[PDB]
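K.L.:
Here's a sequence, model it:
(2 chains)
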Amino acid sequence: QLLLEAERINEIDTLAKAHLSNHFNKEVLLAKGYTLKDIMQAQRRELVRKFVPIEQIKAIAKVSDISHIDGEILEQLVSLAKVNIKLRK
Amino acid sequence: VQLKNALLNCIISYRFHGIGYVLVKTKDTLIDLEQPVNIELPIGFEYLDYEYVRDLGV
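P.N.:
Numbering: from 1, shown residues only, chains lettered A, B, ... in the order given. Here you go, the structure:
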């Protein structure tokens, strides 16, 4: 499942790259000293804020701050963000 | 650095015309500018010419 989860990691990276700034690039993030799992979750949090409105975050995640939501709840948040970009286009 | 450059023309347009516009550019497409922004780090700042801006009011 190492390759299977790598594609999922790549899937989030591709959509994050085309929406987030180049300051959130995996290369520069690695230089600052963040682990691969930390990089992915941090990228996930930014995408939710960019697309998902704050009111939805206050409902699905039950709190405003996403700094302590990494995990299954974060997966639900990014799932709504993926829906958000589809309707935006 | 880009904010300072955009702010210089904004004040000049403010003094000459009465209003100034500065665009906060993000990682988005030209059609996405209509959509609102919730939270996003910007890519840069660009001053918008007064003659090319149509505003109907507050």
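K.L.:
Residues of chain B that sit close to chain A?
P.N.:
Counting by CB under 8 Å from any CB of the partner chain, chain B comes close to chain A at B:27, B:28, B:32, B:35, B:37, B:38, B:39, B:40, B:41, B:42, B:43. C-beta coordinates here come from the backbone N, C-alpha and C atoms, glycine included.
K.L.:
The fifth one: neighbour count?
P.N.:
Right, the one you point to is residue B:37. 12 (other CB atoms under 10 Å in any protein chain shown).
K.L.:
picking that back up, reformat the residues of chain B next to chain A as a markdown table; add secondary structure and distance to residue A:1.
P.N.:
Listed next are the residues of chain B next to chain A as a markdown table, based on DSSP: H, G, I helix; E, B strand; the rest coil; distance: CB to CB, whole Å:
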| residue | secondary structure | distance to residue A:1 |
| --- | --- | --- |
| B:27 | coil | 32 |
| B:28 | coil | 34 |
| B:32 | coil | 35 |
| B:35 | coil | 37 |
| B:37 | coil | 37 |
| B:38 | coil | 34 |
| B:39 | coil | 33 |
| B:40 | coil | 33 |
| B:41 | coil | 33 |
| B:42 | coil | 38 |
| B:43 | coil | 36 |
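K.L.:
among the residues you listed, which ones are buried?
P.N.:
B:27, B:28, B:40 (16 or more other CB atoms under 10 Å in any protein chain shown).
K.L.:
from memory the first one sits against residue A:21, does it?
P.N.:
Yes: here residue B:27 lies in contact with residue A:21, judged by CB atoms under 8 Å, at a distance of 5.6 Å.
K.L.:
Show me the common contact partners of these two, please.
P.N.:
residue B:43 (CB atoms under 8 Å, 6 or more residues apart in numbering or on different chains).
K.L.:
what's next to stretch A:76-89, contact-wise?
P.N.:
A:12, A:15, A:19, A:44, A:47-48, A:50-52, A:56-57, A:60-61, A:66, A:69, B:32, B:35.
K.L.:
Tell me how far stretch B:27-39 lies from the chain's centre.
P.N.:
13 Å (CA atoms, centre = their mean, to the nearest Å).
K.L.:
ok, and what's touching it?
P.N.:
The contact list for stretch B:27-39 (CB under 8 Å, 6+ apart) reads A:18-21, A:49-54, A:88, B:26, B:40, B:43.
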